[PDB]
Structure formats: C-alpha cells, structure tokens
Amino acid sequence: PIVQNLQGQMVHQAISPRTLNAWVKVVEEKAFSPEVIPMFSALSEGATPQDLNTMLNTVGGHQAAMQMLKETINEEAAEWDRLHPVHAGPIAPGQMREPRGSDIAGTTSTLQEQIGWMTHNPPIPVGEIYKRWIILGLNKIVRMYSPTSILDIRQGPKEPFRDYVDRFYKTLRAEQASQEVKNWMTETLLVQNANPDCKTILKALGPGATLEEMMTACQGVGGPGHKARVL
Amino acid sequence: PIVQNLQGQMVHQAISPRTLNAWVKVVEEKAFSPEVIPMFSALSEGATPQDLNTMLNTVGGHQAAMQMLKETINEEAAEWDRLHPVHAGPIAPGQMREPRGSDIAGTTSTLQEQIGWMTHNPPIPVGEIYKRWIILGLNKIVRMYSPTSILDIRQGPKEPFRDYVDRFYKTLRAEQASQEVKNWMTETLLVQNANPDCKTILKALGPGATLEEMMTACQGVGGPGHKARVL
Amino acid sequence: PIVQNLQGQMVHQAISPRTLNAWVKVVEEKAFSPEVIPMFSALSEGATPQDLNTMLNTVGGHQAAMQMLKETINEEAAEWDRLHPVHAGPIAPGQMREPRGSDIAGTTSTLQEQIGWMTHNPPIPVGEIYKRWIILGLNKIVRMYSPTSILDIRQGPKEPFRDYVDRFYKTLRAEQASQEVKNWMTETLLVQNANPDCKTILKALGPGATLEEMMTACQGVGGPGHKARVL
Amino acid sequence: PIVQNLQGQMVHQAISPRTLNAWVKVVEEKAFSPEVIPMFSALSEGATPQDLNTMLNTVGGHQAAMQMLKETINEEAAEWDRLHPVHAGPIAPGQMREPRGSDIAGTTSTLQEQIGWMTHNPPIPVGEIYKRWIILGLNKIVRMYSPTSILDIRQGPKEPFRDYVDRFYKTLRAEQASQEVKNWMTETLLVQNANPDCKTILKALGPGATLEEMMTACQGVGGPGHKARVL
Amino acid sequence: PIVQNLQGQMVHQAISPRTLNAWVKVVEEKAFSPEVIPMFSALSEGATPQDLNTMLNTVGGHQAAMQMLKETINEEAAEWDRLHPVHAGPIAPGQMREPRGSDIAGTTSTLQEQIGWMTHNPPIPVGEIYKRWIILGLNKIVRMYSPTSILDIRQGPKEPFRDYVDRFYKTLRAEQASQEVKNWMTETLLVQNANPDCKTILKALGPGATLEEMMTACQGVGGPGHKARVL
Amino acid sequence: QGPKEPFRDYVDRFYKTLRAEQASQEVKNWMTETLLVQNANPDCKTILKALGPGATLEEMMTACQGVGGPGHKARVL
C-alpha cells in the first residue's frame, strides 16, 4: 500500500505477511457477517487498488460471493466510463491520457501506471473510489446473507427479551436502509413482533420511552417476564 | 487518530490491525465486563471521532448494547447542543466555525473538516467529550448486564472469605454513586453479607477496622471462617 | 530482495522469518488449494531468483509437486534460450553478457552478477519471467488435486442451490482454460446438470442472466428446488 | 551481521530472537529432516562467524549430534591450511592479515578483528567459507536417518499411489548421489517399486514417459489402482 | 538497555514484552540446561547492569539457582574490589569517581551513574563484566544440574548406541575441563562401557578413525546391535 | 540371494544379468559398489559389511572364499 509522509513523498511498499494471514483467519469465521464492512476499512490502510484486488483474489473455500462483488465493481467501472463524463479518447501531448473506467481496477492498469497519477500529477483518489465500489458490493452480500425476514421474525413464548432484542439488532445490520426509515420501523416493530408475556409489561411502559429507558425497565423485569421463575 | 508533534506537524494515522484484533478478542472473551471500561480508555490514545465510531461499529454479537450506547451518545450530543453553552449562527469571515453537538459525532461528521477544526484554529476538545459520552454509555451497559445486586451477594456456609470478598468487590465495580456515601455504607455491608460463623472475626475486630486489618486477621482463621490453626 | 527508490538506491533486503513460517503453515493447512497461488505473489518484494528458489527448497510434504515444477521451469528456461530469439557469440569488455535460460535461473548464475544485470544497468525482467514461469507450474499442481470434472458437478434431491453454487465456484478456481470460452460456457452449464424441479425454476429466469440476477434468483429459492420438507 | 552502506558505514546489529525460535521450532517439529538446511541458509544473512555459531550452540537435546558437525567444520578448516593456499608467516605492519583455518571461527578470533578484515581493508570471504562448512556438515547429518532406504520402499496392496510417491520422494532427498546417476536410476525405480495393480497401468503407459506425464496420468486412475468386484 | 548508534549516541531503552516473554518461556520450558547459556547471551542485547540484574529477578517459580547465581556474583564483586585498589580514594576533579568492585552490580550503582560512565568517557563495559560473572555462575549451575557423573556413563542390554553417544556428549557439556581432556577420554572410554553387541562393533572397527566414520559404521548396524556373534 | 544360496552361485547370477545392463560405464561402476551388500542374504551379508567401505572385488573374493558355504550359522550362547 501507499505509505510514508514524514520521510518525504509517498512510496508504495509491500503488505505485511501477518496482516494477510490475519485477514484470512477473520474471513474463515466471519465469512459474510456485517461486522466485516467496518473492519475492512480499518485494516486496509493506504489507498492502492492492486492490493485491494489482491485481498479479494486471495479468499479461500467460500469465495463464490466475491465474483458477484467483482461484477458489481465492473458495473460501477462502466458507470465511470459512460454514465459520468466519458472523454474523447485522444489527449493533447504532455498529459498521461487519464484513466478509463476499467483502469481504476486491476483489470487493465498496472501498479506503476496507477502510482503515476497518484504522485507525479495532482492525485486521482483511485484507491478510495475502488474501495467505495467494493463497499457497495459488500452491502449486497451482507443483505443476501440474512436468514429470516423482519415480518417472519417473532418472539417465542419461551424466548427471553435479551435474545429477542439481539435477534432484531443483529438482523437490522444487513437491512441497508436509511436512518430515518430504520428509526420509524424500530418504534413499532418492538411492540408488533413481541410475545404476549413481554407485551404485557411493554404496553405498560408504552409510547414515549426511548431505547435505553425501555431496555432498563425490561432488563429489570427480566427473561420473558411474567412467571418465568427467575428468582 | 491525529498524531505527531516532535517530528513537526500532526498527521492523521490509521489504527493498527493488532489493536483492532485485541479489541475484538477482549469483546469475544469479556463482552460486557466492567474491566472493559478502564481498558477502552487506556487503549484509545487519540480520541478522534471517526476512528472511535469504527471501533464501536466493529463489535460482534452484542450490537443492541452498542446501539443503546449510540442512542446515549445522540442523547448527550443533543444535550450539548441545547443545554451546554450555545454558539452563535452566522460565522465571521476566514474562520472554521465551531462544531455543533451533531458535528461531535462521527456518524454526522466528515474527516478532513474534522481534522481541520482539531488542528487549525484554537483547540476544541471534541475527542474528550465524545470519549466521556462513550464511557457513560459503557457505565449504562454494565447496569443492563448485572444479574444480581450488592445486597444479594452473600457468603454460603462452606464458601471461603476469599471467595466472598472477591464477589463483593467484583459486584461493587458497577454500583455508581458518591464516594463519601459509598464509604459510609460499606462498613455495614461487609459484616451484613458474611456467613454467621465467619462473621465472628469481623465482629471481634470491631470499630476502626479497615479492609487491610480485616484481611490481616483473615490470614490466621482461613477458609469459610474455620476454627483457628491453634485452638 | 532489491527494494528502495525515493530514499536511495535499491538494497537487497532479506525476507521476513514470518514469511518462511507462514509458507510452511499454509502448506500444512491447505497444500493443493488454488488460493495459495495469488498469496505467493503478495509475499514477493523483488523477484530475485536465488531467494525465490529458497521458498521451493523449504517445502516438505508435497515435494514431488515442487520437483515437477522445477522440471517445468527447466523446459521454460530452455524455451526462452532456444525457441525465443537466440543469444549471439562473444561480447566486448564492460558488458553484462546477456542472460540465457540457465543464467536467468539460479542454477548457473551467481547472486552478485545476477543483481548486476538485473538492475546495475537499465532493468531487465529476469526475476519477473522466472516468477511468471513459477505461476504456470503452480497451475499444474493445483489442477492435479481436483477429483471431480465439470460434468461430475451435480445437485442431489436434498442438496440446496447454495451448496451446488459453492461446488461450481470451487471447480471454477481449478479451470485453467480460456476465460472467454469459460464465460460463454457458464451461461448453459449450470442449468444442464440441474434436476427437473431445480431446472424448472431456473428456466423461468431465461437467457443472458447476469451473476447478480442469477444469485438474487438463487437466494430466493434457497433449497433443492422451490419448496423444502424433511431436512 | 554488519549492515548499512547508503546511510553510512556498516555497524554490527544483533540477530533478532525470532530467528533462533524458528531454528529451534524446525528442529522440534522434524529434528534432522532436509527442510532445516535451506532454513539455516535463509536465516544466515551477513554470515559473520560469531553470529552463525549461536545457532549451533543453542540446540538443546540434539547438541551431541552437533559435536560431529563441529568436528566437520574443523576438518574443513584444517583443509583451508592444506588444500587451499597455505600463505606465509611474516606479514609486515599495516595489514589485517589473510586468516588461517583456525582464525575463521570465534574460537581463535576476536569479533573486532573478524569484522576488521570484513570491511577495514578489502573484504576477506570468511563468512562465505564458514557458512559453506556448516552446510557441508549439515549435508552429512542425512546419515542419521534410521531405517530409511530406497530398497525398503515397496508399495502395498491397499496403499494409494500418493503414499508410494510420498515415500519415494521422502527417501529421494537422502540419496546423496550425482544428478545424472539419479536420472538414469529413476526411470527403472518408478515402475519397479509400484504395486502390481498400479504397475499394470504404468506398464501400459510404457517407455518414453516423463515424471510429469506419469503423475498427471495417475490422477484419473485413483487409489491403489482400479478395484474389481468380489464375484 | 543501551541500543543503536545510527541516530547518534546510544540510548537506554527498555526491552520489548516479546523479548521479556522469550526469556521467561525459555527458562520455564528449558530450566537450567547448558542450552540456556547461549540463549541468555543472545537475549541480553545492551550491557546495562540494572537491566541485567532485573532479568535475574523477573524469573518464574524456579529461582533457587538464581539466588545462588547472585550469591556467587557477590563474591566475585568482592574479588574485583581487592584485585583493583590502586586508584581507591580521592581523585582530581572532573572524573566520575569510577566503578569499584561492588559498582559493577546494578544494586550498588544508581542508573544515571551507570549510563554516564558507560557513554561519556572511553567505554568501560561494566554490564559485560557483570554478565561474565553471570556466565561463570551458569557454568557452576550446569555441573549441579547434570543427573550423572562421567564415571557412570554406560549402555544397558536393550539400550541403543544413539542414546549412549548422546549421553556421553551431553555430559561433556557440563565437564568444564579443556577440549583436549574431552578428546582424550573420547579416544579410550567409548569401547569400555558399550553393551557387548555394540562393544564388539566398536572393538572390530579398531584403532584410529574419526567420529563421522564411527557414526557411519554404527548406523548400518542399527539399534542395540545384532543378537548373534560374528567370527 | 536365497537362504541356502552361497556367494558363488549368487555372484554368477549377478554377473549373468549384468551382461545385458546396457548403460554407461560410470553408472555401472556406481551400481557395482553397493549391489552385492544390498542383495545379499542376512547371514552372508555380514562379511561384506565387516570389510566395509573402500572394498575391492579381489579383497571381497578373498574374504568370500574363507567364510565358505551358504554362510556360517552364527552362535548366540
């Protein structure tokens, strides 16, 4: 990845072996889990596209989903090529002819070519753009991973409040919805998908109370509430 | 976070993957433990909001607790904007414009501009207030987790003094109240929750005996309040 | 190996000891997997023959595969020497005496003179061609471990679409044949070996379906055709 | 080792503990197995006699075997005073003097002096010969391979082709004979030590077949060779 | 300890937790073995007395030998004081009062004082004198550690040659006597206490020869030797 | 070499098959050195081992004549 600042101009240096192996181990046990999307951003320091392509090409046994992500990245590349300012093709001598949609990715451009417009000309943030296109494909994969749909989720009569809340919040991560819509859904969904025992104390707490306040009261009641022999 | 000073100007540096693994791993083993709250503060050198939001967003199973913490952060941010000193509307020419409560949060703010208000014009301690709000949310989380009260922690007939004192102090970590008030209560609580036979040594020392003095006496009697080594 | 640019002339830095440990460890967990082939190139910091050769010599288990790869390299080196433009007679003093097939290889070359022709004079791709030949040999090695052929990829009466897709993707990584033909083949191969119930729901999608469109349809169906039972 | 050139004259840098750990681990996992020799060579960067001798001295349980290696190093050293130039006795003031066979090792040399003839006046190849002497002695440790011979390797009735190949390549590294002799012998050996069931298809494939061709062909043959019915 | 030279004069910088763990792990799993003496030498980078004393006091459960080691060092410090006393007492102003016999120990000398006489004036390697005494104590300790005397080296009837030669050379690690003595007993002892079957082979090999030849002859024979007699 | 087969019958078999070896002289010399020890029966292999490294056919034949039969049946007690 591109590194170095204090010791002068940026230099692309190789990915550390430990980081590559550590990433593979995370992928084994957190294969399609929503937690991977912020982890990927944190781990991938230095915006070089070749390294990002290398990370997606080194995936093991359960790789299949990653080729859909690559096809999605190509759709975004096609969007850059034709649905954004297209360009003539020929350029006036003295300019590096500027990247095409597929040149953003590893498909038609090499490491030396990409690095050239990242430091020998005013920077083009190709790695940020390529990474953003990867994140857009990752949103689809986490959405498809999801086991049960929100209307088919319901709290059992032998199911605690802790688990019911945990099932909802874990499932909510894969939705890909906006904050305003998520807040609207959350307010009624808790009452709507509840069991009768939980609903008995929840309706008593009722509208107005925020997440923490409802949770504080509900945790105090405990388990699946009424008569669950918790004392 | 933004680092460097001895080497010249400050630069925003991405967090280590080792630090991220250590955070994920302690969350995997000690998920809701009170030991996490001092540990998080010690780990988080440079409280830059974007990086802090990423650490919360990379948490596994207990997403519901994290979202309750996020609502607490929104509640504190809203409180800062409305109830803590207000800042004027139309900013003066050539100034960076002081952030509002919403701008403190990584969720509703962008990095380049955020680095600018934290490095150009006079210091704004946005990281420290954001960290304090996170610590307050963590204090709320240990309260949700706790299954028993400090009045319910009591020594069994065959349970050692060592086992009892450990439970009492582990439980005490999440009891949040005034130190002067806690001290005043504690003298009764230590004798109150001990088993009858083992309570005898605590009673024998009487008024003015501190935990060191009690522990020193407890070296001789040993175990669950045993008959002494020499009769 | 040879790396450094902005901070001065290139220096032949030795490989990390972790790289040696990781190389043995990856072989221990997954010796014949195709995922090792891109991973090997990510650990290459200057493709200098002598240190790249050390990786081949440190393998234990599947020694026969490595020895076969070495036999293949001898043929590729000979192909460069004889089937590609032949090397002329005696040269004058002060020249680097143009590399032949066995000079590119570590077997008849010395490291000091190898570095000399490689980069003391304008760069020559001696390490790059050697690295590329190794990838060609690695393709043969992973291709001899796969039991099932493309016609033997089937779906049972109780096998879900996701497992069938996973087997197809695992097989896709073992292809080693023309990409354009393979893509154009992929369009009809999946529906061919699908059982009537599976085939019937797949037939509804029709010609020219994209990978995302196909996966979206597959995600909806899930099971071994549309409507599960006893599993 | 002594390193640095572009950043100033070379300085002695102590070897990292992880290098010794890798050497000990290799010995722990597979004591005298052939993998140790390139691992030792890989970690012998710089090649200063004192630094190289640390690995020889750090071996635990198997240090008695290393006494023979130490004897071999002294045998090669005795030869440096005999088969190689004997030099002369009176070397006049102002020289670092071309060392004797016994001066190569740390036993008769002081580190400052040893480093002195490696960079103060034109470098002496002390590390090159010392590293080679250790490799030559390690190349005699192959003799210690208890109950291991090519003549004992005969494939059983229910033993797969891959087991036979594994056994053949395991003892192949212990041959210690010339490459031409190995090739001439190899043609007979491959068919000779095979079981009758797998030998039958090798006979059908017949003369003029290379190692790659035979190994590639045998993938589709399966197990100990195609099994018949019990009727 | 004192480290580096590239940035300027050496800096007193504490050891890595990884380095500290390596020392604890080696001592816990290999105790007081002769292999720990070169390991300690390689794990003690930078000759600062305080840090060397700290290494001895940070050892795990088995510290009895460590206390004896410090006691033997204390006697050596007393020997050093009386060995050099000509400069004892008053000196001309501008001299750092110099290290006396007890000041070689980190316990008697303050840290700023240690660093001052190490790094300002022409180097006095006080930590290397302290380490020489530690190595001397370790040399005493291995003799105590040895579970057998050299007079009790013998081979049982079902005991193999590999164990007998290994025991003899392992014992020679702790003998302390000059290398001539070790060579001298090797010439005559081996045929004396070998088991009847092995003893016949050693006797039959007869006068002269070297360990490589003896080892080679012993390897063909195998195990505790053939049961039947020869001539 | 068989159980009751002596060195003379065995060496004759080896030289008979070595006539049709059809390989380089250098390879034949390398094989010649180790084949007699490798293919000898346990009892008769002992003299070949006893002579050890650097042996010549003249020395080996001298030794083989003196040990006789299909090898002496080695004592234990």
Worksheet entry | Yes/no for C:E79 being farther than 17 Å from C:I2 by Cβ and either more than 8 Å from chain D (Cβ to nearest Cβ) or acidic (D, E) (or both) | yes
Worksheet entry | Which listed residue, of C:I104, C:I129, C:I37, is surrounded by 16 or more Cβ atoms within 10 Å (Cβ to Cβ), within 29 Å of A:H12 (Cβ to Cβ) and more than 19 Å from the chain's Cα centre (by Cα) | C:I104
Worksheet item: Given the residues A:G106, A:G127, A:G137, which is the only one that is in contact (Cβ under 8 Å) with a residue 24 or more places away in the chain, assigned to a loop (DSSP other than H, G, I, E, B), of a type outside the set (A, V, I, L, M, F, W, C) and in contact with a helix residue (DSSP H, G or I) (Cβ under 7 Å, 6 or more places away or on another chain)?
Response: A:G106
Worksheet entry | Set E:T19, E:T108, E:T48: member being hydroxyl-bearing (S, T, Y) and in contact with a strand residue (DSSP E or B) (Cβ under 9 Å, 6 or more places away or on another chain) | E:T48
Practice prompt. Give the residues of the stretch C:180-195 that are closer than 18 Å to C:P160 by Cα and either in a helix (DSSP H, G or I) or within 14 Å of chain A (Cβ to nearest Cβ) (or both), sorted by residue number.
Written response: C:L189, C:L190, C:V191, C:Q192
Fill in: Given (1) farther than 22 Å from A:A65 by Cα; (2) of a type in the set (V, I, T); (3) touching a residue at least 60 places away in the same chain (Cβ under 8 Å), number of the condition C:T200 does not satisfy
(3)
Worksheet item: Picking from C:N53, C:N57, which residue would you name as being among the polar types (S, T, N, Q) and within 7 Å of another protein chain (Cβ to nearest Cβ)?
Response: C:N57
Worksheet entry | Counted residues, the stretch D:111-124 - those being surrounded by fewer than 15 Cβ atoms within 10 Å (Cβ to Cβ) and not in a helix (DSSP H, G or I) | 4
Response to the item:
Within the stretch D:147-172, residues being of a type in the set (A, V, I, L, M, F, W, C) and farther than 25 Å from F:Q25 by Cα number 4
Worksheet item: Is it the case that the stretch B:165-172 has a residue that's in a loop (DSSP other than H, G, I, E, B) and surrounded by fewer than 16 Cβ atoms within 10 Å (Cβ to Cβ)?
Response: no
Worksheet item: Is it the case that the stretch E:190-205 has a residue that's closer than 23 Å to E:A31 by Cα and either touching a helix residue (DSSP H, G or I) at 6+ places or on another chain (Cβ under 6 Å) or among the polar types (S, T, N, Q) (or both)?
Response: no
Response to the item:
Flagged pairs (Cβ under 9 angstrom, 6 or more apart or on separate chains; first in the stretch A:4-18, facing chain C (nearest Cβ under 7 Å); second part of a loop (DSSP other than H, G, I, E, B) and charged (D, E, K, R)) are A:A14/C:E45
Worksheet item: Hey, any hits in the stretch D:142-149 for a residue that's within 30 Å of D:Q67 (Cα to Cα), of a type in the set (D, E, K, R), within 14 Å of chain C (Cβ to nearest Cβ) and without any contact (Cβ under 8 Å) to a residue 40 or more places away in the chain?
Response: no
Item to complete: Can you tell me which residue within the stretch C:40-50, out of those that are more than 7 Å from every other protein chain (Cβ to nearest Cβ) and outside any helix (DSSP H, G or I), is surrounded by the most Cβ atoms within 10 Å (Cβ to Cβ)?
Response: C:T48
Practice prompt. Would you confirm whether any residue within the stretch D:177-185 is exposed (fewer than 14 other Cβ atoms within 10 Å of the Cβ) and of a type in the set (G, A, S)?
Written response: yes
Discussion item. Among (1) within 14 Å of chain C (Cβ to nearest Cβ); (2) part of a helix (DSSP H, G or I); (3) closer than 21 Å to F:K28 by Cα, there is one condition D:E175 misses while meeting the rest; what is its number?
Written reply: (2)
Discussion item. Criterion first (among the small types (G, A, S), exposed (fewer than 15 other Cβ atoms within 10 Å of the Cβ) and within 14 Å of chain C (Cβ to nearest Cβ)) does A:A64 satisfy it?
Written reply: no
Worksheet item: Just checking, which of E:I153, E:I104, E:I115 is β-branched (V, I, T) and closer than 30 Å to E:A194 by Cα?
Response: E:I153
Worksheet, complete the sentence: A:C198 vs (1) within 21 Å of the chain's Cα centre (by Cα); (2) surrounded by 12 or more Cβ atoms within 10 Å (Cβ to Cβ); (3) away from chain B (no Cβ under 14 Å): all pass except (1)
Worksheet item: Taking the stated definitions as given, is C:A92 out of contact with any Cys (no Cβ under 7 Å at 6 or more places or on another chain), of a type in the set (A, V, I, L, M, F, W, C) and within 14 Å of chain D (Cβ to nearest Cβ)?
Response: no
Worksheet item: Can you name the residue in the stretch D:18-27 that is under 16 Å from E:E29 (Cα atoms) and not aliphatic (A, V, I, L, M) and is also surrounded by the fewest Cβ atoms within 10 Å (Cβ to Cβ) among such residues?
Response: D:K25
Discussion item. Given the criteria within 11 Å of the chain's Cα centre (by Cα) and within 12 Å of chain E (Cβ to nearest Cβ), does F:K73 qualify?
Written reply: no
Discussion item. Tally up the residues in the stretch E:27-36 that are more than 14 Å from E:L56 (Cβ to Cβ) and assigned to a helix (DSSP H, G or I), please.
Written reply: 3
Worksheet item: Quick one: would you say C:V24 is out of contact with any helix residue (DSSP H, G or I) (no Cβ under 6 Å at 6 or more places or on another chain), facing another protein chain (nearest Cβ under 9 Å) and under 26 Å from C:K170 (Cα atoms)?
Response: yes
Item to complete: Determine whether the stretch B:85-96 contains at least one residue that is under 24 Å from the mean Cα position of the chain (by Cα) and closer than 26 Å to A:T210 by Cα.
Response: no
Practice prompt. Filter the stretch D:206-231 down to the residues that are of a type in the set (V, I, T) and either closer than 23 Å to F:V27 by Cβ or assigned to a loop (DSSP other than H, G, I, E, B) (or both), then identify the one that is farthest from the other protein chains (Cβ to nearest Cβ).
Written response: D:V230
Fill in: Pair list, Cβ under 9 Å, 6 or more apart: the stretch A:76-95 residue farther than 22 Å from A:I129 by Cα, other residue of a type outside the set (S, T, N, Q)
A:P90/A:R97; A:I91/A:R97; A:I91/A:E98
Discussion item. Pull out all pairs, ordered by first then second residue, where Cβ-Cβ is under 7 Å, the residues are six or more apart or on different chains, the first lies in the stretch E:44-62 and is farther than 15 Å from E:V11 by Cα, and the second is of a type in the set (D, E) and surrounded by fewer than 21 Cβ atoms within 10 Å (Cβ to Cβ).
Written reply: E:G60/E:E28
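Bear in mind these aren't lab numbers, they're just calculated from the coordinates by the rules spelled out. Note that we place each Cβ from the backbone using ideal geometry, even for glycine, and neighbour counts take in every protein chain shown.
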